[PDB]
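Chains: A, B, C, D, E and F, in written order; residue numbering restarts at 1 for each.
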Amino acid sequence: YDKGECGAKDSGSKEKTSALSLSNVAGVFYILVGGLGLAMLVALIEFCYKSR
Amino acid sequence: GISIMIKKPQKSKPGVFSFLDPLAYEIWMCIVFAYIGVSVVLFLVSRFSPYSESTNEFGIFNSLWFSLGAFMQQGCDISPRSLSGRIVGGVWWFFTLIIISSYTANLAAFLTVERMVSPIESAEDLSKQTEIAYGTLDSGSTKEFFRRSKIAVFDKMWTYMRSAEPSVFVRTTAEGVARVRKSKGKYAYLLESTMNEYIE
Amino acid sequence: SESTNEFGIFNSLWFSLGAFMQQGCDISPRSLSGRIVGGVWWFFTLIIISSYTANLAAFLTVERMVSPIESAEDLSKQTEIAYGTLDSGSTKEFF
Amino acid sequence: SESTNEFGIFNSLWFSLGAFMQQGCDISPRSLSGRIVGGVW
Amino acid sequence: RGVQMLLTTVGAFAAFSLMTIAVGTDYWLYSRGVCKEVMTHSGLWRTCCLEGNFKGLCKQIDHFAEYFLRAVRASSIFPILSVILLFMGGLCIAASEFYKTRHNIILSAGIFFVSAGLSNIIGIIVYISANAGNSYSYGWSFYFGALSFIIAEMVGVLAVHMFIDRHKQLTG
Amino acid sequence: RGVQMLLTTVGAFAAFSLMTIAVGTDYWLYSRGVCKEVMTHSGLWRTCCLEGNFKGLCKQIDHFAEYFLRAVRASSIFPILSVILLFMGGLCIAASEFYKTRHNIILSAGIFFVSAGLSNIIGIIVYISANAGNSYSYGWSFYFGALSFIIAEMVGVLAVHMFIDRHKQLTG
């Protein structure tokens, strides 16, 4: 231990965090764009399925 | 008596636009694009052929308005009635909630972490957070004192200085204070109080 | 050229006051320049309440309170706290 | 007949969804036994 | 009134002309890197070292559950699909000399513009989530992509308003 | 109805007077310092000692990124703009005592008062933000700095009400 070359028991960096980042939240954008896709898919029907 | 010298920490200089800091730049970049996309898609769905101008009050202006108001959590004046716009409304709302809560939590966390700080004081805590380097004049009586004493805190400090590398020892008091100033913190120096409170 | 909205002064104050809190008021600007304002003010509020909540949550954890006098010299630049010595002893003669 | 409120199944679904995410929806129950469901949720 | 048909062509032209450069240039990202330990620039396809004698020493990039997203990034289809859909929108707005008074192709052009616009947002999200894998910064082609997106969402609304002015306006 | 043309003028001149008095006096702040430590008071321009043998001695203040904001604090451009706009508003309402029935003087006057208020806000905010980088307290000229705004906006509202009451009453 007393000629060791690493923090053998305590190494707490306790950092100012790296802020929240897009890697943590991207799932919400992933669902959002799919919701817009479904919206257009139904919009191509709602007003015009009775066309003849 | 023997006492310790450190770099004076100055005072902080908060940036005027600090309020964006708890949320990384790419988030703010993507928010505007998603806002535009949702507003334009809600317009395009809102004005297919009614077959009459009263059929839908959601012209493009009102679409932009409703999108903004939905994001700001302050309400609106006209909700969408077509299922098409209903769904996207709901989704967008969900997104808004997620973002708001996340931001708030992050800010709170950052504040707490910035106020647990407990700066190094009393000169005994130095025993633990040995990532701040410390040393003495070489060949001096302070060195002989640390070698000769037999108390666990000083035993540990001695064992550290005896085993740490690169060398913490210096030739002259001028060299010592120069090393402190040039390290801009993170290095602390040992000398007699009647010398310390003169350098101050 | 526009005499149709209900934005009397007192009504405008009522809108603003409501818009500081989150209770969604009935009236809307209905015009372009009105919405320019209504946009920004919303953002103002959104940021303020957030920050306040965060700081509240914060202070209630650390709870560190010291330094009434400490400096051992600032005991003379006030007259709220009384201070004195043993009488008849050398501690007085020193003064 | 009693007609004090106009809620349909789809409309009620939309009201409830909006009410969950607190986005100030338009219609209200407007009668007895509806205020309770409005308050609880 | 009426004359805005020109602006549809001007917008679609600008969008298509921008996006080819945006997809076709090596200047999406600046970073530290290697080209076998120096400041470096990279496109979607290849990476080049600079800031020294090795200027223009380059190699093709190697991209290699998370595997499926890595494969989506590697196939890189969404940027190119944006160009494909704007090309189809161009073929749509070319319908000046057929099915006049119907304008349904003109309306479909708005759909193609919107679906193109979505593609760049997806692309950027995927790209950033891949680069998250530096003190870096973004080169001009990123701003070219963003500007082409903005022009894409600009022109579709005006095209659908023209569809209204040329078809709905006839209904009385 | 009627008398509104009078009360606008006295309020405008009062706001003008109290604002120029605020700009001109040594009592924005109380603190400690040295004029060459002792209780000390400062205006915007100059700082002067009290409570001792040096009482009434004064010194200049060292004005010199934050450098640009410090230059803004030094020039004090925003309260100067507020003063000059408030003066021009008073001149407008005084000028509206002749060449009457055009009614657009009052429309400009309200805008003058409101813009003087907006110019006061930024001034006060910058003045505080520059110090908060001590048992301080704000002096009565700070409260004059508040009252200038409080009356100025009310005078502007009264001005616009007077405008809508004088004008177009011929047809409504």
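Keep in mind that, in the parts below, contacts are C-beta pairs under 8 Å (C-beta built on N, C-alpha and C of every residue); 3 or more make two chains touch, one makes a residue touch a chain.
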item	value
Between B-E and A-E, the pair with more C-beta contacts	B-E
Chain whose Cα centroid lies at the greatest distance from that of subunit A	F
Euclidean distance of C-alpha centroids - subunit B vs subunit D, Å	44
Centroid distance [mean C-alpha coordinates] between subunit F and subunit E, Å	52
Whole-Å gap separating subunit A and subunit C, where each centre is the average of the chain's CA atoms	34
Subunit B and subunit F: spacing of chain centres that average the CA atoms, whole Å	39
Junction residues of subunit D, two or more chains touched	24
Subunit B partner contacts - residues on subunit E that touch it in the complex	110-111, 114, 117-118, 121, 124-125, 128, 146, 149-150, 153, 156-157, 160, 164, 167-168, 171
Touching residues on subunit B, where the partner in the complex is subunit F	11, 13, 16
Footprint of subunit A on subunit B - complex, ascending	21-24, 26-27, 30, 34, 37-38, 41, 44-45, 48-49, 82-85, 87-88, 91-92, 94-95, 98-99, 102-103, 106, 109-110, 113-114, 116, 128, 159, 163
Residues of subunit A defined as touching subunit E within the complex	21-23, 26, 29-30, 33, 36-37, 40
In the complex with subunit D, residue positions of subunit B that touch it	70, 73, 75-76, 79, 83, 86, 89-90, 93-94, 96-97
